[PDB]
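Student: Only the shape, not the letters, is given here:
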Ligand SMILES: [Zn+2]
Ligand SMILES: [Zn+2]
């Protein structure tokens, strides 16, 4: 009792009183009074999980607020009567009412020369605006209202929802009531952001989820009706005639996050979870005719949907490691048998759509297309027509469409000029192309890679182009002066004659080696075609690896160990915390491009990369390729993306190192002979990486549009049930329901710690959340102070 009282008063002091002393010191004798008034209203019973003290604290905070407003600006700072919010560019009438300037110019200009509220005329014009008295009064009132809101929401989050038992019905109904505001005059039925106050009100109904995430920390069996009341209120006043997909999607997301919390913080193993969910799946009657006239989707139905999504997520996680390797622990096997029997019995193909999307979001499209074979024992995950509508010539995603619509022209001309044997169309696509000679040469080299070396990859198209199709290609390569550079057309011939020793990269995964091969060819093309001072060191890791022994490679440890001082990538260590001044994404991107240039170098001569890499004696290609694998896994963890989008990020960053021929990048040696040249490299390259990562949130959907609507991937139905297209070309799925659209059965991201570290780094966390920033920087090392008293 006494500590709940002391802690509530401490929340008030911390959020209101110290903010008043720091920012607006005209209200400190008011808030020091209301400390004592909170103490006296909590000394009877400081049990904020009940109704009476919670209403008492809320009333004390409300009259603290309005006495502060009357202390500011002469008996009643009020919101604008027209826009129902804070007055922007304030204008005060002689009837002591403050309005917005835009509201009083959009209202008073017809023949209604009066006041909207107190019906009092204004003679001449609303000419003076007050930028000193009323503007500062409204701003300081906004600050004090924000302090009181921070106190109230922190008090509700900490005291009302403290322990494992839920609070009473009256306090929860009070909270759900104060999500909404009353009607004043017609617009009505507004919303507000969990405040005891009424003046800060948005004009369009937004739907927060703070009380869902606070109520769902209890068991769902005892908070059904509260969420159903909140949903019924939202459906009867706010979104009564709308597209109610996103509201349902917010509720499904909150419910599945609550189940993630109660299985993570709960103490039960995988075996009990698999038994409980397997019992759930083999008794799930569909009942979709029960709640869908159009609009009724209760919270029991949404909870069954969220629980089905979690069963399918466990199925996706099991299938992503079943086909990684060996046997699958005999409980995961039985659970996948239950998921298969579930998808067979229940005739909803949206579960299989979500399962395909989730396997592709974890692994990629090629891994999922490997399940669509003629007897692969994971073929049940597809819906019914996707197996029959595929051909025997599934093609890979062209990830060089990052360049886009000038690469598209050259790859189409190259494809037709290897299809027939007429290589004038490549010259027509290049001469009608902007983005000058470095970019055009890179487009031509990547097109030659894509078409000709992807013909050598397949067992159908290999040993085919040697029959009089490579002769016109070789004649164009010898003839064309857009690649008249003897280090470039030697590379072009090595792509076409299949003599480039990157293409024999020799890995055992056969999905990853395609990714690493495409990235290494992209790196080698950028380092040949790009003319930039920030490509000269990596160039000597790739094309002249003997110059670059006794040289400090980027993202290496420093106290000093020149060369490549990293051990085996198959270690059990901490996750290689970032450099002297770098965020972990920029760190892993710099390390990944260094390793890709080193792989391109070690494919030419492995001896110079043996004398660069310090410990072993055996081989550099598999070593560097395992490092590239680990870097891609860490980059997938950090960026909250799918696998394919992370690879698009890498290819986009590689593309951006070519168009950036502005030179502000001097003052380091091209050999990187010192620490200082390496660190200046780090700085300029971090500048390019941050320019490209500030801007990728809008480039990623355009790149996914170019790669999804490529007319060699687009007709594939796996692509049409993953990328940007609903699965409603399939007829055998439920009709236009509110609950069975493509948006509800889409995949989302599991929220990791590295993703939150990435958000802290995006949102300037050194200066905004510095304890959290320092915590996330050293988190994997701080897991192990737990073992200090044992050692
Ligand atoms: Zn207004
Ligand atoms: Zn008035």
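Tutor: In hand now; what should we look at? Residues are numbered from 1 along each chain as shown. Ligands and ions are numbered 1, 2, ... in the order given.

Student: Just give the nearest non-adjacent residue to the residue of the stretch 401-550 of the chain found nearest ligand 1, would you?
Tutor: Relative to ligand 1, the nearest point of the stretch 401-550 of the chain is residue 404 (45.4 Å; CB to the ion). All C-beta spots, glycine's among them, are computed from the backbone N, C-alpha and C. Among residues not flanking residue 404 along the chain, residue 706 sits closest, at 5.3 Å (CB to CB, 6 or more residues apart in numbering).

Student: Ok, residue 191 next?
Tutor: Per CB to CB, 6+ apart, closest to residue 191 is residue 205, 4.9 Å.

Student: residue contacts, residue 281?
Tutor: By CB atoms under 8 Å, 6 or more residues apart in numbering, residue 281 lies in contact with 311, 338, 339, 341, 342.

Student: do that again at 7 Å, thanks
Tutor: Counting by CB atoms under 7 Å, 6 or more residues apart in numbering, residue 281 touches 311, 338, 339, 342.

Student: What parts of the chain come near ligand 1?
Tutor: 80, 82, 83, 100, 103 (CB under 5 Å from the ion).

Student: and residue 446, how many neighbours?
Tutor: 28 (other CB atoms under 10 Å).

Student: Next one: the spatially most central residue of the chain relative to ligand 2, how far apart?
Tutor: The structure's the chain has its C-alpha centroid closest to residue 640; by CA atoms, centre = their mean the separation is 3.7 Å. Distance, residue 640 to ligand 2, by CB to the ion, to the nearest Å: 51 Å.

Student: Adjust the sequence numbering to begin at 18 for everything that follows.
Tutor: Understood, numbering begins at 18; the last thing we discussed is residue 657.

Student: looking at it, that residue is touching residue 766, isn't it?
Tutor: Yes: using CB atoms under 7 Å, residue 657 makes contact with residue 766 at a distance of 4.7 Å.

Student: The chain: strands as residue ranges?
Tutor: Secondary structure of the chain by DSSP state E: the strands cover 107-109, 115-117.

Student: and the last one, what other elements does it pack with?
Tutor: In this structure, strand 115-117 makes packing contacts with strand 107-109, judged by 3 or more CB pairs under 7 Å, 6 or more residues apart in numbering; DSSP states H and E.

Student: returning to what we had before: which ones are touching the residue nearest to the centre of the chain?
Tutor: Contacts of residue 657 (CB under 7 Å, 6+ apart): 766, 772.

Student: try 10 Å
Tutor: 663, 765, 766, 767, 768, 769, 771, 772, 773, 775, 776 (CB atoms under 10 Å, 6 or more residues apart in numbering).

Student: Return the member of those nearest to ligand 2.
Tutor: residue 776 (46.4 Å).

Student: sorry, back to before: please list all residues in contact with the residue nearest to residue 421.
Tutor: 415, 418, 419, 420, 421, 422, 424, 425, 665.

Student: and residue 393, how many neighbours does it have?
Tutor: 12.

Student: Pretty sure it sits against residue 339.
Tutor: No: counting by CB atoms under 10 Å, no contact exists between residue 393 and residue 339, whose distance comes to 11.1 Å.

Student: Residue 406 and residue 736 touch, don't they?
Tutor: No: Residue 406 lies out of contact with residue 736 (CB under 10 Å); the separation is 11.4 Å.

Student: the more surrounded of the two?
Tutor: Legend: neighbour count by other CB under 10 Å for residue 406 and residue 736, higher for residue 736 (22 against 14).

Student: what's the burial count for the residue lying closest to residue 468 once chain neighbours are set aside?
Tutor: Computed as CB to CB, 6+ apart, the closest residue to residue 468 that is not its neighbour in sequence is residue 431, at 4.7 Å. By the criterion of other CB under 10 Å, residue 431 has 25 neighbours.

Student: ok, now residue 256?
Tutor: Neighbours around residue 256, by other CB under 10 Å: 17.

Student: How about residue 510?
Tutor: So residue 510, with other CB under 10 Å, has 18 neighbours.

Student: Phi and psi next, for residue 690.
Tutor: Residue 690 adopts backbone torsions of phi -90, psi -20, taken as degrees, to the nearest 10.

Student: who's in contact with residue 426?
Tutor: 442, 443, 445, 446, 447, 449, 450, 460, 464.

Student: Confirm for me that the first one is in contact with residue 429.
Tutor: Yes: the pair residue 442 and residue 429 passes the contact test of CB under 10 Å, sitting 8.4 Å apart.

Student: before we move on, the earlier item: want to try TSV for the contacts of residue 426, with neighbour count as columns?
Tutor: Converted to TSV, the contacts of residue 426 look like this (neighbours: other CB atoms under 10 Å):
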residue	neighbour count
442	17
443	28
445	13
446	24
447	22
449	10
450	18
460	26
464	28
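
Student: Name the nearest of those residues relative to residue 369.
Tutor: Checking the contacts of residue 426 against residue 369 by CB to CB gives residue 464 as the nearest, at 36.5 Å.

Student: okay but residue 233 is in contact with residue 319, surely?
Tutor: No: the pair residue 233 and residue 319 does not pass the contact test of CB under 10 Å, sitting 11.8 Å apart.

Student: Can you work out which residues contact both of those two?
Tutor: 244, 268, 271, 272, 273.

Student: Just give me the neighbour total for the third one.
Tutor: Using other CB under 10 Å, residue 271 has 18 other residues around it.

Student: what's around the spatially closest residue to it that is not a sequence neighbour, how many residues?
Tutor: Spatial nearest neighbour of residue 271, chain neighbours left out: residue 229 (4.3 Å); criterion: CB to CB, 6+ apart. A total of 22 residues lie near residue 229 under the criterion other CB under 10 Å.

Student: Just the buried positions in stretch 563-573, please.
Tutor: By neighbour count with 16 or more other CB atoms under 10 Å, stretch 563-573 contains the buried residues 565, 566, 568, 569, 570, 571, 572, 573.

Student: Ligand 2: which of those is nearest?
Tutor: Ligand 2 has its nearest neighbour among the buried residues of stretch 563-573 in residue 572, at 66.2 Å by CB to the ion.

Student: tell me the contacts of the closest one?
Tutor: 581, 583, 593, 595-596, 599, 603-612, 648, 695, 699, 702.

Student: Check residue 491 too.
Tutor: 440, 506, 509, 510, 513, 514.
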